[PDB]
$ cat my_file08.cif   # mmCIF, N, CA and C atoms
data_entry
#
loop_
_atom_site.label_atom_id
_atom_site.label_comp_id
_atom_site.auth_asym_id
_atom_site.auth_seq_id
_atom_site.Cartn_x
_atom_site.Cartn_y
_atom_site.Cartn_z
N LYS A 1 -2.98 8.96 -10.88
CA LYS A 1 -1.58 9.27 -11.24
C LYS A 1 -0.72 8.01 -11.19
N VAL A 2 0.16 7.83 -12.17
CA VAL A 2 1.07 6.69 -12.17
C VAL A 2 2.43 7.33 -11.85
N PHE A 3 2.97 7.01 -10.68
CA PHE A 3 4.26 7.55 -10.25
C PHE A 3 5.41 6.91 -10.97
N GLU A 4 6.50 7.65 -11.10
CA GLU A 4 7.72 7.08 -11.66
C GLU A 4 8.38 6.50 -10.40
N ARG A 5 9.22 5.50 -10.58
CA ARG A 5 9.87 4.83 -9.45
C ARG A 5 10.51 5.73 -8.40
N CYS A 6 11.50 6.54 -8.81
CA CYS A 6 12.18 7.40 -7.85
C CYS A 6 11.33 8.53 -7.29
N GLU A 7 10.38 9.00 -8.09
CA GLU A 7 9.46 10.04 -7.66
C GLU A 7 8.67 9.51 -6.45
N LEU A 8 8.21 8.26 -6.55
CA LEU A 8 7.46 7.65 -5.46
C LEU A 8 8.36 7.44 -4.25
N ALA A 9 9.59 6.98 -4.48
CA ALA A 9 10.52 6.72 -3.37
C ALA A 9 10.78 7.99 -2.53
N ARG A 10 11.02 9.11 -3.20
CA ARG A 10 11.25 10.35 -2.47
C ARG A 10 9.99 10.83 -1.77
N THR A 11 8.83 10.59 -2.40
CA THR A 11 7.57 11.00 -1.81
C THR A 11 7.33 10.20 -0.52
N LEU A 12 7.56 8.89 -0.58
CA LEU A 12 7.37 8.05 0.61
C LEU A 12 8.34 8.44 1.72
N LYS A 13 9.56 8.79 1.33
CA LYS A 13 10.56 9.20 2.32
C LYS A 13 10.08 10.45 3.05
N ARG A 14 9.61 11.44 2.29
CA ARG A 14 9.11 12.68 2.90
C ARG A 14 7.94 12.45 3.84
N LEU A 15 7.12 11.44 3.53
CA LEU A 15 5.94 11.13 4.34
C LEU A 15 6.24 10.24 5.54
N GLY A 16 7.53 10.02 5.81
CA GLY A 16 7.95 9.25 6.97
C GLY A 16 7.80 7.75 6.93
N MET A 17 7.89 7.15 5.75
CA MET A 17 7.74 5.70 5.61
C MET A 17 9.01 4.89 5.79
N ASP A 18 10.16 5.54 5.66
CA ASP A 18 11.41 4.82 5.77
C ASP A 18 11.69 4.35 7.18
N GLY A 19 11.57 3.05 7.41
CA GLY A 19 11.81 2.50 8.73
C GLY A 19 10.58 2.51 9.61
N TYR A 20 9.43 2.90 9.06
CA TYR A 20 8.20 2.92 9.85
C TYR A 20 7.86 1.50 10.30
N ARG A 21 7.78 1.33 11.62
CA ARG A 21 7.52 0.05 12.26
C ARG A 21 8.52 -1.01 11.79
N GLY A 22 9.75 -0.56 11.53
CA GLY A 22 10.81 -1.44 11.08
C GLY A 22 10.81 -1.81 9.61
N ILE A 23 9.96 -1.16 8.81
CA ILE A 23 9.87 -1.48 7.39
C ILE A 23 10.65 -0.50 6.53
N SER A 24 11.62 -1.02 5.80
CA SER A 24 12.45 -0.17 4.97
C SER A 24 11.68 0.37 3.77
N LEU A 25 12.17 1.47 3.21
CA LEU A 25 11.56 2.08 2.04
C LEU A 25 11.47 1.10 0.85
N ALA A 26 12.51 0.29 0.64
CA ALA A 26 12.53 -0.69 -0.46
C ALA A 26 11.38 -1.68 -0.33
N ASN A 27 11.05 -2.06 0.90
CA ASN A 27 9.93 -2.97 1.12
C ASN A 27 8.60 -2.31 0.76
N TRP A 28 8.44 -1.03 1.10
CA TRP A 28 7.21 -0.30 0.73
C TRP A 28 7.12 -0.17 -0.79
N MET A 29 8.26 0.07 -1.43
CA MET A 29 8.30 0.22 -2.88
C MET A 29 7.93 -1.09 -3.56
N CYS A 30 8.48 -2.20 -3.06
CA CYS A 30 8.18 -3.51 -3.63
C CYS A 30 6.67 -3.76 -3.48
N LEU A 31 6.09 -3.37 -2.35
CA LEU A 31 4.66 -3.54 -2.13
C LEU A 31 3.82 -2.76 -3.15
N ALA A 32 4.07 -1.46 -3.28
CA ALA A 32 3.32 -0.63 -4.23
C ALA A 32 3.45 -1.13 -5.68
N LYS A 33 4.66 -1.54 -6.05
CA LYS A 33 4.95 -2.03 -7.39
C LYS A 33 4.06 -3.20 -7.75
N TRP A 34 4.06 -4.21 -6.90
CA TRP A 34 3.27 -5.40 -7.16
C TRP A 34 1.79 -5.26 -6.90
N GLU A 35 1.41 -4.33 -6.04
CA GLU A 35 0.00 -4.13 -5.74
C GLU A 35 -0.71 -3.35 -6.82
N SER A 36 -0.08 -2.27 -7.28
CA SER A 36 -0.71 -1.41 -8.28
C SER A 36 0.15 -0.92 -9.43
N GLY A 37 1.44 -1.24 -9.44
CA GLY A 37 2.27 -0.71 -10.51
C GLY A 37 2.43 0.79 -10.33
N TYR A 38 2.36 1.24 -9.08
CA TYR A 38 2.52 2.66 -8.71
C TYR A 38 1.38 3.54 -9.24
N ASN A 39 0.18 2.95 -9.37
CA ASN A 39 -0.98 3.65 -9.90
C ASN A 39 -1.96 3.94 -8.77
N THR A 40 -2.22 5.22 -8.51
CA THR A 40 -3.14 5.61 -7.45
C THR A 40 -4.62 5.34 -7.76
N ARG A 41 -4.93 5.16 -9.03
CA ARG A 41 -6.31 4.93 -9.46
C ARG A 41 -6.69 3.44 -9.45
N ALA A 42 -5.72 2.57 -9.20
CA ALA A 42 -5.98 1.13 -9.20
C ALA A 42 -7.09 0.67 -8.25
N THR A 43 -8.01 -0.14 -8.75
CA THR A 43 -9.09 -0.68 -7.93
C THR A 43 -9.28 -2.10 -8.39
N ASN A 44 -9.63 -2.97 -7.45
CA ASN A 44 -9.85 -4.36 -7.78
C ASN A 44 -10.96 -4.92 -6.92
N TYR A 45 -12.05 -5.30 -7.57
CA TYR A 45 -13.20 -5.87 -6.90
C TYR A 45 -12.97 -7.36 -6.62
N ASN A 46 -13.34 -7.80 -5.43
CA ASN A 46 -13.20 -9.20 -5.04
C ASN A 46 -14.62 -9.75 -4.99
N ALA A 47 -15.03 -10.39 -6.08
CA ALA A 47 -16.38 -10.96 -6.22
C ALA A 47 -16.73 -11.95 -5.11
N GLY A 48 -15.72 -12.67 -4.64
CA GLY A 48 -15.91 -13.66 -3.58
C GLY A 48 -16.42 -13.14 -2.25
N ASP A 49 -15.91 -12.00 -1.79
CA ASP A 49 -16.35 -11.48 -0.52
C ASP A 49 -16.98 -10.09 -0.60
N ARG A 50 -17.16 -9.59 -1.82
CA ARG A 50 -17.78 -8.30 -2.06
C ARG A 50 -17.00 -7.07 -1.57
N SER A 51 -15.69 -7.21 -1.42
CA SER A 51 -14.88 -6.08 -0.97
C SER A 51 -14.09 -5.58 -2.18
N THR A 52 -13.49 -4.40 -2.07
CA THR A 52 -12.71 -3.85 -3.16
C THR A 52 -11.40 -3.30 -2.60
N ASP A 53 -10.31 -3.47 -3.35
CA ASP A 53 -8.98 -2.96 -2.98
C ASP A 53 -8.78 -1.64 -3.72
N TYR A 54 -8.37 -0.61 -2.97
CA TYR A 54 -8.19 0.75 -3.49
C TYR A 54 -6.81 1.36 -3.46
N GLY A 55 -6.49 2.05 -4.55
CA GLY A 55 -5.26 2.81 -4.64
C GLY A 55 -3.93 2.14 -4.81
N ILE A 56 -2.90 2.96 -4.61
CA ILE A 56 -1.53 2.52 -4.78
C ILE A 56 -1.10 1.31 -3.94
N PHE A 57 -1.68 1.17 -2.74
CA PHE A 57 -1.34 0.06 -1.84
C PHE A 57 -2.42 -1.01 -1.82
N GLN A 58 -3.45 -0.82 -2.64
CA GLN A 58 -4.56 -1.75 -2.71
C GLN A 58 -5.12 -2.08 -1.33
N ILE A 59 -5.59 -1.05 -0.65
CA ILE A 59 -6.14 -1.20 0.69
C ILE A 59 -7.60 -1.64 0.61
N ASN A 60 -7.91 -2.70 1.35
CA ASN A 60 -9.24 -3.32 1.33
C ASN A 60 -10.39 -2.62 2.07
N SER A 61 -11.58 -2.64 1.47
CA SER A 61 -12.76 -1.98 2.03
C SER A 61 -13.46 -2.70 3.17
N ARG A 62 -13.06 -3.94 3.46
CA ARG A 62 -13.69 -4.64 4.57
C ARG A 62 -13.16 -4.17 5.91
N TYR A 63 -11.84 -3.99 5.97
CA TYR A 63 -11.22 -3.62 7.23
C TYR A 63 -10.72 -2.21 7.39
N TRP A 64 -10.23 -1.62 6.31
CA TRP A 64 -9.60 -0.32 6.42
C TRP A 64 -10.33 0.97 6.06
N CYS A 65 -10.92 1.01 4.87
CA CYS A 65 -11.63 2.21 4.44
C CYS A 65 -13.06 1.84 4.17
N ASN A 66 -13.93 2.84 4.18
CA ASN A 66 -15.35 2.62 3.96
C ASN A 66 -15.84 3.07 2.58
N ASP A 67 -16.47 2.15 1.86
CA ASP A 67 -17.04 2.48 0.56
C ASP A 67 -18.57 2.35 0.58
N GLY A 68 -19.13 2.03 1.74
CA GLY A 68 -20.57 1.90 1.88
C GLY A 68 -21.24 0.65 1.31
N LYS A 69 -20.57 -0.06 0.42
CA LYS A 69 -21.18 -1.26 -0.15
C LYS A 69 -20.55 -2.60 0.25
N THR A 70 -19.62 -2.57 1.19
CA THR A 70 -18.95 -3.79 1.65
C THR A 70 -19.56 -4.31 2.96
N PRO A 71 -20.01 -5.58 2.97
CA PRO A 71 -20.60 -6.13 4.19
C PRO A 71 -19.53 -6.30 5.27
N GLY A 72 -19.92 -6.04 6.51
CA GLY A 72 -19.02 -6.17 7.64
C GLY A 72 -17.85 -5.21 7.63
N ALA A 73 -18.06 -4.01 7.10
CA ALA A 73 -17.01 -3.01 7.03
C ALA A 73 -16.64 -2.49 8.42
N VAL A 74 -15.34 -2.43 8.70
CA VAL A 74 -14.82 -1.96 9.99
C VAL A 74 -14.36 -0.49 9.95
N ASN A 75 -13.81 -0.07 8.81
CA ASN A 75 -13.28 1.29 8.60
C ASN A 75 -12.25 1.71 9.67
N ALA A 76 -11.23 0.87 9.86
CA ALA A 76 -10.19 1.13 10.86
C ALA A 76 -9.41 2.41 10.60
N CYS A 77 -9.27 2.80 9.34
CA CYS A 77 -8.54 4.03 9.02
C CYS A 77 -9.41 5.28 9.14
N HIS A 78 -10.72 5.08 9.33
CA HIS A 78 -11.67 6.19 9.43
C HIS A 78 -11.52 7.10 8.23
N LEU A 79 -11.57 6.47 7.06
CA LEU A 79 -11.41 7.12 5.77
C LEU A 79 -12.39 6.57 4.74
N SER A 80 -12.84 7.45 3.86
CA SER A 80 -13.70 7.07 2.75
C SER A 80 -12.69 6.43 1.80
N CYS A 81 -13.05 5.33 1.16
CA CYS A 81 -12.13 4.69 0.23
C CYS A 81 -11.80 5.62 -0.93
N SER A 82 -12.66 6.61 -1.15
CA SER A 82 -12.44 7.60 -2.19
C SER A 82 -11.11 8.35 -1.95
N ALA A 83 -10.74 8.54 -0.69
CA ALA A 83 -9.49 9.24 -0.33
C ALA A 83 -8.25 8.51 -0.85
N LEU A 84 -8.41 7.21 -1.09
CA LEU A 84 -7.33 6.37 -1.58
C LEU A 84 -7.20 6.34 -3.11
N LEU A 85 -7.99 7.16 -3.81
CA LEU A 85 -7.91 7.23 -5.27
C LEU A 85 -7.40 8.62 -5.73
N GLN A 86 -6.91 9.41 -4.78
CA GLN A 86 -6.38 10.74 -5.07
C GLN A 86 -4.97 10.66 -5.67
N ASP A 87 -4.54 11.74 -6.32
CA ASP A 87 -3.18 11.79 -6.88
C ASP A 87 -2.21 11.99 -5.71
N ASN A 88 -2.68 12.71 -4.70
CA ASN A 88 -1.93 12.98 -3.47
C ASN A 88 -2.08 11.73 -2.61
N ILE A 89 -0.97 11.09 -2.25
CA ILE A 89 -1.04 9.87 -1.45
C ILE A 89 -0.92 10.03 0.07
N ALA A 90 -1.03 11.25 0.58
CA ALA A 90 -0.91 11.45 2.02
C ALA A 90 -1.89 10.59 2.83
N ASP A 91 -3.13 10.50 2.37
CA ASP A 91 -4.13 9.69 3.08
C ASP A 91 -3.87 8.19 3.00
N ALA A 92 -3.44 7.74 1.82
CA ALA A 92 -3.12 6.33 1.60
C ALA A 92 -1.97 5.94 2.53
N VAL A 93 -0.97 6.82 2.63
CA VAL A 93 0.17 6.59 3.51
C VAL A 93 -0.27 6.53 4.98
N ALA A 94 -1.15 7.43 5.42
CA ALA A 94 -1.61 7.41 6.80
C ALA A 94 -2.33 6.09 7.10
N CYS A 95 -3.10 5.60 6.14
CA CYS A 95 -3.83 4.35 6.33
C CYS A 95 -2.90 3.14 6.29
N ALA A 96 -1.92 3.16 5.39
CA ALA A 96 -0.95 2.07 5.29
C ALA A 96 -0.19 1.97 6.62
N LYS A 97 0.11 3.10 7.25
CA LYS A 97 0.79 3.10 8.55
C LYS A 97 -0.12 2.44 9.60
N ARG A 98 -1.42 2.71 9.52
CA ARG A 98 -2.37 2.10 10.44
C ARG A 98 -2.37 0.58 10.25
N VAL A 99 -2.42 0.13 9.00
CA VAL A 99 -2.41 -1.30 8.69
C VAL A 99 -1.24 -2.02 9.36
N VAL A 100 -0.03 -1.48 9.20
CA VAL A 100 1.13 -2.12 9.78
C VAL A 100 1.30 -1.98 11.29
N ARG A 101 0.39 -1.26 11.95
CA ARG A 101 0.48 -1.15 13.39
C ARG A 101 -0.14 -2.39 14.03
N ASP A 102 -0.75 -3.24 13.21
CA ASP A 102 -1.32 -4.49 13.69
C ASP A 102 -0.12 -5.44 13.73
N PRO A 103 -0.19 -6.51 14.55
CA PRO A 103 0.87 -7.52 14.71
C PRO A 103 1.51 -8.02 13.41
N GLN A 104 0.67 -8.32 12.43
CA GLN A 104 1.12 -8.83 11.13
C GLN A 104 2.07 -7.91 10.38
N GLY A 105 1.93 -6.62 10.59
CA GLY A 105 2.80 -5.69 9.90
C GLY A 105 2.52 -5.73 8.41
N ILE A 106 3.58 -5.70 7.60
CA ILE A 106 3.44 -5.68 6.14
C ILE A 106 3.01 -7.02 5.53
N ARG A 107 3.04 -8.06 6.37
CA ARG A 107 2.64 -9.42 6.00
C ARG A 107 1.14 -9.42 5.70
N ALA A 108 0.44 -8.37 6.12
CA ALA A 108 -0.99 -8.25 5.88
C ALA A 108 -1.30 -8.35 4.39
N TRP A 109 -0.38 -7.88 3.55
CA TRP A 109 -0.57 -7.92 2.11
C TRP A 109 0.06 -9.19 1.57
N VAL A 110 -0.75 -10.10 1.05
CA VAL A 110 -0.23 -11.36 0.53
C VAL A 110 0.79 -11.16 -0.57
N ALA A 111 0.56 -10.17 -1.42
CA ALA A 111 1.48 -9.88 -2.51
C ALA A 111 2.90 -9.63 -1.98
N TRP A 112 3.02 -9.03 -0.80
CA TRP A 112 4.34 -8.77 -0.22
C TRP A 112 5.05 -10.12 0.07
N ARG A 113 4.32 -11.09 0.60
CA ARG A 113 4.91 -12.38 0.90
C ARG A 113 5.32 -13.12 -0.36
N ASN A 114 4.50 -13.03 -1.40
CA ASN A 114 4.78 -13.72 -2.66
C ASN A 114 5.93 -13.11 -3.43
N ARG A 115 6.02 -11.79 -3.49
CA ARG A 115 7.10 -11.20 -4.27
C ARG A 115 8.15 -10.32 -3.66
N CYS A 116 8.12 -10.10 -2.35
CA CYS A 116 9.13 -9.24 -1.73
C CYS A 116 9.87 -9.92 -0.60
N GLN A 117 9.12 -10.61 0.26
CA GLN A 117 9.70 -11.29 1.40
C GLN A 117 10.85 -12.21 1.02
N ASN A 118 11.95 -12.10 1.76
CA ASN A 118 13.13 -12.94 1.54
C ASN A 118 13.76 -12.80 0.17
N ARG A 119 13.56 -11.65 -0.46
CA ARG A 119 14.14 -11.40 -1.76
C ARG A 119 15.00 -10.15 -1.67
N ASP A 120 15.78 -9.92 -2.72
CA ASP A 120 16.64 -8.75 -2.80
C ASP A 120 15.75 -7.62 -3.32
N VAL A 121 15.39 -6.68 -2.45
CA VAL A 121 14.52 -5.59 -2.86
C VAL A 121 15.23 -4.25 -3.06
N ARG A 122 16.56 -4.25 -2.99
CA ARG A 122 17.34 -3.01 -3.16
C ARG A 122 17.08 -2.31 -4.47
N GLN A 123 16.85 -3.11 -5.51
CA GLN A 123 16.60 -2.61 -6.85
C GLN A 123 15.50 -1.55 -6.94
N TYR A 124 14.53 -1.61 -6.04
CA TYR A 124 13.42 -0.66 -6.07
C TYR A 124 13.78 0.78 -5.71
N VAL A 125 14.83 0.98 -4.90
CA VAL A 125 15.23 2.34 -4.51
C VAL A 125 16.60 2.76 -5.03
N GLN A 126 17.25 1.90 -5.79
CA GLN A 126 18.57 2.25 -6.29
C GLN A 126 18.55 3.36 -7.32
N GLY A 127 19.38 4.38 -7.08
CA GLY A 127 19.47 5.52 -7.98
C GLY A 127 18.49 6.64 -7.68
N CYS A 128 17.63 6.45 -6.68
CA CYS A 128 16.63 7.46 -6.35
C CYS A 128 17.09 8.57 -5.40
N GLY A 129 18.28 8.42 -4.84
CA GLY A 129 18.80 9.42 -3.93
C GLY A 129 18.10 9.47 -2.58
N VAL A 130 17.64 8.31 -2.11
CA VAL A 130 16.96 8.22 -0.82
C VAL A 130 17.75 7.32 0.13
#

$ encode --input "my_file08.cif" --output "structure tokens"
Amino acid sequence: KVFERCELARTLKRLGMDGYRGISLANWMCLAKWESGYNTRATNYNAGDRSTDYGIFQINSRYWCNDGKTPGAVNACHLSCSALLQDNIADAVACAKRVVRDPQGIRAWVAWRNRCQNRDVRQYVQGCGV
């Protein structure tokens, strides 16, 4: 499923992401936008280390979810990576919350540093009623 901007913003709000571990909703929106373009089916194989990024938040198979084919898999979210390709993002959200409970927080995603950090991210939630 490819979410519309405000549809995703309200969905994230309902799932308790606004202010989670100090991260505003606009920051989560900027992350999803640049990671997948709000597409839950997004997958990206990393030929260099044999891992794959899954779903709307592009969560990696080495540390977070298990796909069975990634060397040194940790599966910190205790989730099949398949759960991150659903139209329903409840599982992706639960895992994203796990990711940010580590010291790095949202900095864990390089894309966030490149395109959201220290920038005006208000535009992502404006007009959504959140």

$ resolve_selection --input "my_file08.cif" --expression "the PyMOL selection byres (((chain A and resi 99-109 and name CA) around 12) and name CA)" --output "CSV table (one decimal) with N, CA and C atoms, in the coordinates of the input"
chain,number,residue,atom,x,y,z
A,17,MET,N,7.9,7.2,5.8
A,17,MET,CA,7.7,5.7,5.6
A,17,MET,C,9.0,4.9,5.8
A,19,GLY,N,11.6,3.0,7.4
A,19,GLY,CA,11.8,2.5,8.7
A,19,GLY,C,10.6,2.5,9.6
A,20,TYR,N,9.4,2.9,9.1
A,20,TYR,CA,8.2,2.9,9.8
A,20,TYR,C,7.9,1.5,10.3
A,21,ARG,N,7.8,1.3,11.6
A,21,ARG,CA,7.5,0.0,12.3
A,21,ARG,C,8.5,-1.0,11.8
A,22,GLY,N,9.8,-0.6,11.5
A,22,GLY,CA,10.8,-1.4,11.1
A,22,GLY,C,10.8,-1.8,9.6
A,23,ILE,N,10.0,-1.2,8.8
A,23,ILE,CA,9.9,-1.5,7.4
A,23,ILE,C,10.6,-0.5,6.5
A,24,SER,N,11.6,-1.0,5.8
A,24,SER,CA,12.4,-0.2,5.0
A,24,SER,C,11.7,0.4,3.8
A,25,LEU,N,12.2,1.5,3.2
A,25,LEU,CA,11.6,2.1,2.0
A,25,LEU,C,11.5,1.1,0.8
A,27,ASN,N,11.0,-2.1,0.9
A,27,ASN,CA,9.9,-3.0,1.1
A,27,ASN,C,8.6,-2.3,0.8
A,28,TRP,N,8.4,-1.0,1.1
A,28,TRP,CA,7.2,-0.3,0.7
A,28,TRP,C,7.1,-0.2,-0.8
A,29,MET,N,8.3,0.1,-1.4
A,29,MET,CA,8.3,0.2,-2.9
A,29,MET,C,7.9,-1.1,-3.6
A,30,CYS,N,8.5,-2.2,-3.1
A,30,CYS,CA,8.2,-3.5,-3.6
A,30,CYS,C,6.7,-3.8,-3.5
A,31,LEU,N,6.1,-3.4,-2.4
A,31,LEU,CA,4.7,-3.5,-2.1
A,31,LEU,C,3.8,-2.8,-3.2
A,32,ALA,N,4.1,-1.5,-3.3
A,32,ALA,CA,3.3,-0.6,-4.2
A,32,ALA,C,3.4,-1.1,-5.7
A,34,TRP,N,4.1,-4.2,-6.9
A,34,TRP,CA,3.3,-5.4,-7.2
A,34,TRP,C,1.8,-5.3,-6.9
A,35,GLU,N,1.4,-4.3,-6.0
A,35,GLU,CA,0.0,-4.1,-5.7
A,35,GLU,C,-0.7,-3.4,-6.8
A,53,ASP,N,-10.3,-3.5,-3.4
A,53,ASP,CA,-9.0,-3.0,-3.0
A,53,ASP,C,-8.8,-1.6,-3.7
A,57,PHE,N,-1.7,1.2,-2.7
A,57,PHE,CA,-1.3,0.1,-1.8
A,57,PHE,C,-2.4,-1.0,-1.8
A,58,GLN,N,-3.4,-0.8,-2.6
A,58,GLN,CA,-4.6,-1.8,-2.7
A,58,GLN,C,-5.1,-2.1,-1.3
A,59,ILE,N,-5.6,-1.0,-0.6
A,59,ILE,CA,-6.1,-1.2,0.7
A,59,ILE,C,-7.6,-1.6,0.6
A,60,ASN,N,-7.9,-2.7,1.4
A,60,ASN,CA,-9.2,-3.3,1.3
A,60,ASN,C,-10.4,-2.6,2.1
A,63,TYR,N,-11.8,-4.0,6.0
A,63,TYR,CA,-11.2,-3.6,7.2
A,63,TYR,C,-10.7,-2.2,7.4
A,64,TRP,N,-10.2,-1.6,6.3
A,64,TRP,CA,-9.6,-0.3,6.4
A,64,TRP,C,-10.3,1.0,6.1
A,65,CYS,N,-10.9,1.0,4.9
A,65,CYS,CA,-11.6,2.2,4.4
A,65,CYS,C,-13.1,1.8,4.2
A,75,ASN,N,-13.8,-0.1,8.8
A,75,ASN,CA,-13.3,1.3,8.6
A,75,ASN,C,-12.2,1.7,9.7
A,76,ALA,N,-11.2,0.9,9.9
A,76,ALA,CA,-10.2,1.1,10.9
A,76,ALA,C,-9.4,2.4,10.6
A,77,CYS,N,-9.3,2.8,9.3
A,77,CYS,CA,-8.5,4.0,9.0
A,77,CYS,C,-9.4,5.3,9.1
A,78,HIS,N,-10.7,5.1,9.3
A,78,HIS,CA,-11.7,6.2,9.4
A,78,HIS,C,-11.5,7.1,8.2
A,92,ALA,N,-3.4,7.7,1.8
A,92,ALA,CA,-3.1,6.3,1.6
A,92,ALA,C,-2.0,5.9,2.5
A,93,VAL,N,-1.0,6.8,2.6
A,93,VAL,CA,0.2,6.6,3.5
A,93,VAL,C,-0.3,6.5,5.0
A,94,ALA,N,-1.2,7.4,5.4
A,94,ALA,CA,-1.6,7.4,6.8
A,94,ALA,C,-2.3,6.1,7.1
A,95,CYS,N,-3.1,5.6,6.1
A,95,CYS,CA,-3.8,4.4,6.3
A,95,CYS,C,-2.9,3.1,6.3
A,96,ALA,N,-1.9,3.2,5.4
A,96,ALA,CA,-1.0,2.1,5.3
A,96,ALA,C,-0.2,2.0,6.6
A,97,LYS,N,0.1,3.1,7.2
A,97,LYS,CA,0.8,3.1,8.6
A,97,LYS,C,-0.1,2.4,9.6
A,98,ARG,N,-1.4,2.7,9.5
A,98,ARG,CA,-2.4,2.1,10.4
A,98,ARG,C,-2.4,0.6,10.2
A,110,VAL,N,-0.8,-10.1,1.0
A,110,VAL,CA,-0.2,-11.4,0.5
A,110,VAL,C,0.8,-11.2,-0.6
A,111,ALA,N,0.6,-10.2,-1.4
A,111,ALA,CA,1.5,-9.9,-2.5
A,111,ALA,C,2.9,-9.6,-2.0
A,112,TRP,N,3.0,-9.0,-0.8
A,112,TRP,CA,4.3,-8.8,-0.2
A,112,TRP,C,5.0,-10.1,0.1
A,113,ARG,N,4.3,-11.1,0.6
A,113,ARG,CA,4.9,-12.4,0.9
A,113,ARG,C,5.3,-13.1,-0.4
A,114,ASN,N,4.5,-13.0,-1.4
A,114,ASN,CA,4.8,-13.7,-2.7
A,114,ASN,C,5.9,-13.1,-3.4
A,115,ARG,N,6.0,-11.8,-3.5
A,115,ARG,CA,7.1,-11.2,-4.3
A,115,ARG,C,8.2,-10.3,-3.7
A,116,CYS,N,8.1,-10.1,-2.4
A,116,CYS,CA,9.1,-9.2,-1.7
A,116,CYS,C,9.9,-9.9,-0.6
A,117,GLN,N,9.1,-10.6,0.3
A,117,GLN,CA,9.7,-11.3,1.4
A,117,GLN,C,10.8,-12.2,1.0
A,118,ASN,N,12.0,-12.1,1.8
A,118,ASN,CA,13.1,-12.9,1.5
A,118,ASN,C,13.8,-12.8,0.2

$ atom_distance --input "my_file08.cif" --atom1 "atom CA of residue 12 of chain A" --atom2 "atom CA of residue 89 of chain A"
8.8 Å

$ resolve_selection --input "my_file08.cif" --expression "the PyMOL selection byres (((chain A and resi 1-9 and name CA) around 7) and name CA)" --output "list in words"
residues 10, 11, 12, 13, 29, 38, 39, 40, 41, 87, 125 and 128 of chain A

$ atom_distance --input "my_file08.cif" --atom1 "atom CA of residue 47 of chain A" --atom2 "atom CA of residue 61 of chain A"
12.7 Å

$ atom_distance --input "my_file08.cif" --atom1 "atom N of residue 50 of chain A" --atom2 "atom CA of residue 70 of chain A"
7.0 Å

$ closest_residue --input "my_file08.cif" --among "A:45, A:51, A:129, A:123" --to "residue 69 of chain A" --atoms "all atoms listed in the file"
A:51

$ axis_aligned_box --input "my_file08.cif" --around "segment 69-72 of chain A" --padding-each-side "8 Å" --output "AutoDock Vina command-line options"
--center_x -19.5 --center_y -3.2 --center_z 3.7 --size_x 19.3 --size_y 22.2 --size_z 23.8

$ select_by_dssp --input "my_file08.cif" --residues "chain A" --states "strand (DSSP E)" --output "PDB file with N, CA and C atoms, in the coordinates of the input"
ATOM      1  N   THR A  43      -8.010  -0.140  -8.750  1.00  0.00           N
ATOM      2  CA  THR A  43      -9.090  -0.680  -7.930  1.00  0.00           C
ATOM      3  C   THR A  43      -9.280  -2.100  -8.390  1.00  0.00           C
ATOM      4  N   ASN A  44      -9.630  -2.970  -7.450  1.00  0.00           N
ATOM      5  CA  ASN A  44      -9.850  -4.360  -7.780  1.00  0.00           C
ATOM      6  C   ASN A  44     -10.960  -4.920  -6.920  1.00  0.00           C
ATOM      7  N   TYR A  45     -12.050  -5.300  -7.570  1.00  0.00           N
ATOM      8  CA  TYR A  45     -13.200  -5.870  -6.900  1.00  0.00           C
ATOM      9  C   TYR A  45     -12.970  -7.360  -6.620  1.00  0.00           C
ATOM     10  N   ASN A  46     -13.340  -7.800  -5.430  1.00  0.00           N
ATOM     11  CA  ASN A  46     -13.200  -9.200  -5.040  1.00  0.00           C
ATOM     12  C   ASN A  46     -14.620  -9.750  -4.990  1.00  0.00           C
ATOM     13  N   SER A  51     -15.690  -7.210  -1.420  1.00  0.00           N
ATOM     14  CA  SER A  51     -14.880  -6.080  -0.970  1.00  0.00           C
ATOM     15  C   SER A  51     -14.090  -5.580  -2.180  1.00  0.00           C
ATOM     16  N   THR A  52     -13.490  -4.400  -2.070  1.00  0.00           N
ATOM     17  CA  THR A  52     -12.710  -3.850  -3.160  1.00  0.00           C
ATOM     18  C   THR A  52     -11.400  -3.300  -2.600  1.00  0.00           C
ATOM     19  N   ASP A  53     -10.310  -3.470  -3.350  1.00  0.00           N
ATOM     20  CA  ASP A  53      -8.980  -2.960  -2.980  1.00  0.00           C
ATOM     21  C   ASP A  53      -8.780  -1.640  -3.720  1.00  0.00           C
ATOM     22  N   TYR A  54      -8.370  -0.610  -2.970  1.00  0.00           N
ATOM     23  CA  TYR A  54      -8.190   0.750  -3.490  1.00  0.00           C
ATOM     24  C   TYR A  54      -6.810   1.360  -3.460  1.00  0.00           C
ATOM     25  N   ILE A  59      -5.590  -1.050  -0.650  1.00  0.00           N
ATOM     26  CA  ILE A  59      -6.140  -1.200   0.690  1.00  0.00           C
ATOM     27  C   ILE A  59      -7.600  -1.640   0.610  1.00  0.00           C
ATOM     28  N   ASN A  60      -7.910  -2.700   1.350  1.00  0.00           N
ATOM     29  CA  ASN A  60      -9.240  -3.320   1.330  1.00  0.00           C
ATOM     30  C   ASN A  60     -10.390  -2.620   2.070  1.00  0.00           C
TER      31      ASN A  60
END

$ select_by_dssp --input "my_file08.cif" --residues "chain A" --states "alpha helix (DSSP H)" --output "JSON, numbers by chain"
{"A": [5, 6, 7, 8, 9, 10, 11, 12, 13, 14, 25, 26, 27, 28, 29, 30, 31, 32, 33, 34, 35, 36, 90, 91, 92, 93, 94, 95, 96, 97, 98, 99, 110, 111, 112, 113, 114, 115]}
